[PDB]
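Only one chain is included here, represented as C-alpha cells and corresponding to the form deposited in one PDB entry.
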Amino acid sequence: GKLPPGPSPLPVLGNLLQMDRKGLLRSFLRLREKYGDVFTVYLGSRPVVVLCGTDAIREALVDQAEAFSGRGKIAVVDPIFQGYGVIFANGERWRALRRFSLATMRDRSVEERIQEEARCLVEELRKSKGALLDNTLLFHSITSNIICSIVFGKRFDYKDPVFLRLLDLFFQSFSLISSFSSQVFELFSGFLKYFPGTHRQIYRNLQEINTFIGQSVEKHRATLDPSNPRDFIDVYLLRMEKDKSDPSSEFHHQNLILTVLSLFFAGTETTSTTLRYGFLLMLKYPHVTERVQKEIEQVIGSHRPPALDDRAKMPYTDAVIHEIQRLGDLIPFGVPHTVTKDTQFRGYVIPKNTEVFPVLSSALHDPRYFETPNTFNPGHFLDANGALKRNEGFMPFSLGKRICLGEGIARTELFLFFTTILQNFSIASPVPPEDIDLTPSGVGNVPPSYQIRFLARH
C-alpha cells in the first residue's frame, strides 16, 4: 500500500512550486486536473490527501465514516484551540463533547428564538424606510444573537456598543483567517510563528473573546440554579459537578471556554455570509425573488410569521435556499480531517493521522449531479412535479460523523430569516441585475459588499 498520487515534493517546501498563487482551493483544483480525484499534496513537509467530487468524498466520509472521522488542525487557530472544544477535539474527547453539545442545543426552542430574532430584525429594517444600507452587520448580529441566546441565555440589541465592539473584533478574525497570509501560515507556521503577522492578531482577538466568555462563565456559576439551568453554560457546569470524581472526564474549564468559542467560531460567519450571498442573488434574479414571495403569500400569507413547519409546504423557496448554499460554496475546501487509523482507500493506503481535505466545492459544482453547475438554478433541486428533490452532490455541511453540528439550526436560520424578511420587504439596489457580479476568499468564499434597500410592503 501507499499514498495517492501527486506531485513529487521538495524537502522543506513540499509542493510549494506546484501550488497556484490564487490560493489553496485553486491549487487543489489544478492538481485534480493532473492527478485525479484522490491525490497527495505536501503542505510544507506534511502529506495531505485531497478528496474531489461527490463520489470520492462520499466513499470516504460516508462509506468509511469512522476511519475518516478525525479532525486536522488549522494552523492560525490551533494556538487558541490546542485540540480542545468540540471542533478541534479528537477521539474520546470529541465524542463526549459532540454528544453533549447535540443533546444540549436540541432542548423557548431554538426555532422560537429564531422567529423572535427575525421579528427584531424586521422591526429594525422598517426603521430604515428604504434607505440604502450594507446588510453585513445586521446579518452578523442576527446570527451571533442566535448563538448568544443558546450559550448565554440572552440576545443583544443591534446598537449595543459593547456587543458591537466584540462583534467587530470577532468578525475581523474571519477575514484574517481567510487571507492569503494565513494560507501561507497553514504551510509554514513552524517558521512564521516567530514573526509578526495575521496569526498574532487572530490570536489576540480570539483571546479577548475567551476573556469575555470566561467572565460570563463566572457570572453563571455565581447565579446558578441547579434545578433550572438557563443555557448551554449552565448545563455544562452541572456536568462538571456530576463528573467531579472522574479525573479522566473531559468536562473541565478549558473544554468549556473552547466549546463556547467553537459554537461562535463555526456558527456565525458561515450562516451570516450565506444570508448575504442569498440577498445578492435575489437582487441579481428578481424573477426568483418574485416567485419566492408568491409562494410565501400562498402558504403563509402576509399576517402570521413564518414557522419552520412552513418549509415542507414551500418546495420552491426550499430549493432556492439549497441553490444559494450550493453556489455560495462558503467552505470550499472543507475543514481538515485526519484518518483515525491506517486506511485503505481506492487502492491506496493512508497512514493513521494523515490529514485529509474534502473539497466540498468540487461536489457542489459536480456536473454529474447539477446540470448547470456554474449557474443559479433552483431546478437543480426540483422534480418534474415541482416537489423538492434530494441531490447527492449537495453537501455544504459536509457528511459523515463530523457533519456540521449546527446543520439543523443553520437551516432553520436560513429559512426563517429569508422568508421573514421577504414577507415584509421587497428589495432594490443601485446596481442593475445585469451588472451584479457574484464572484468572491477563499478558505471561505466571501461575496462582494453591496448596498440594498428593504422596501416595506403591505
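All residue numbers refer to positions in the sequence shown, first residue = 1. Whichever C-alpha set is largest while still superposing within 1.5 Å between the two forms counts as the rigid core.
Going from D107 to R108, you skip over 4 to 9 residues of the deposited sequence that the entry leaves unmodelled. Where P440 is followed by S441 in the displayed chain, the model omits 1 to 3 of the deposited residues that sit between the two. In this entry, 343 to 351 shows the higher mean Cα temperature factor of the pair 343 to 351 and 253 to 261. Look at the mean CA B-factor for 38 to 46 and for 418 to 426 in the entry; the higher one is 38 to 46.
Among the modelled residues of its chain, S179 has a C-alpha B-factor that falls in the highest third, as given in the PDB entry. Ranked within its chain, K193 lands in the highest third, by CA B factor from the PDB record. Remark: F394 belongs to the lowest third of its chain, ranked by C-alpha B-factor as recorded. Per-chain ranking of the deposited C-alpha B factor places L164 in the lowest third. In the PDB entry, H303 places in the highest third of its chain by CA B-factor.
A second form of this protein, the form deposited in another entry, is not displayed here; the remarks below concern that form.
Among the candidates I300, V122, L206, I321, displacement between this form and the one not shown reaches 2 angstroms at the C-alpha for one position only, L206 (superposition on the rigid core). In this overlay on the rigid core, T259 has a C-alpha that sits 2 Å or more away from its partner position between this form and the one not shown. Once the cores line up, the CA of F417 ends up less than 2 angstroms apart between this form and the one not shown. The Cα shift for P286 between this form and the one not shown, taken after rigid core superposition, is smaller than 2 angstroms.
Panel note: the distance between the CA atoms of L360 and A89 is larger in that other deposited form than in this form, the difference being 3 Å or more.
Compared with the form shown here, the Cα atoms of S101 and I409 sit 3 Å or more closer together in that other deposited form.
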